[PDB]
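First comes one chain, alone, set out as structure tokens in the form solved without the named molecule.
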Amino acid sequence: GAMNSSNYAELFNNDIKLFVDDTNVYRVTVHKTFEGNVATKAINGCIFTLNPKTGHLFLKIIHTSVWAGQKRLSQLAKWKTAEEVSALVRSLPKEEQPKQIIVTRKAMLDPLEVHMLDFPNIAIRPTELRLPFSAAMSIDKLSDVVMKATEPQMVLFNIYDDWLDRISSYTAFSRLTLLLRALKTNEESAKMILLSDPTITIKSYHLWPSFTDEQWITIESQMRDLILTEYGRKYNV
């Protein structure tokens, strides 16, 4: 059923599973019309579909043209997400298809369940974890490819870069969730921590800087400080 702190090592077992986050699918700017009314303008979005064991990220870019002439876009976005996830699964060889799909928001359960009725052996589950995947658009290279897209497009990334050569998938997922929580809590300070030192660079084929093991422990500590503080500056404590 629902996924929570009690069954957390399950993410890193050998059953293929994907997280789906739909928070960046339908994105808008809200603005005033010439007549003084309010209107929305959509901007490109993305589905964040992530294998937490391997780091494989299937980033389906959602071009604004998919909304042209449609009503109830927030509702449509959930069904569009489910259609794209279904299509992704159907495109995979059987031995690569997930045994579970975990949605980060419960409103995605019925749309995904309906689109996957053809796959009765794939479990569709919610989670009680508050995962910071909405911050994926604070990662510069991901934001860049989403905003430059002129058509619907799927782009593949490893969100762990080369980390699994040195750490476990449990540790990599913890590092990712820490980084994304920090970016969600205070994007500016978070991004200052990650690039403060000009000698540490991001490889052309990576998303994050090439920190040594030691530098990562420092970085991780600085992200913890940020999250504890900003929570300070937030609750006054």
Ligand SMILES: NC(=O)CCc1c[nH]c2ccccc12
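From 1 onward, residues are counted along the sequence shown.
Beyond the structure shown, there is the form deposited with the named molecule bound, which is absent from this document and is the topic of what follows.
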Item to check | the named molecule contact in the deposited bound form: residue 96, any heavy atom under 4.5 Å | outcome: yes
Next on the checklist: Even though the partner isn't displayed, in the deposited bound form is residue 158 close enough to the named molecule, meaning a heavy atom within 4.5 Å?
Outcome noted: yes
Item to check | Contact test in the deposited bound form: residue 147 vs the named molecule, heavy atoms, 4.5 Å | outcome: no
Item to check | Those residues of 28-59 which, in the deposited bound form, come within 4.5 Å of the named molecule by heavy atom | outcome: 56, 57, 58
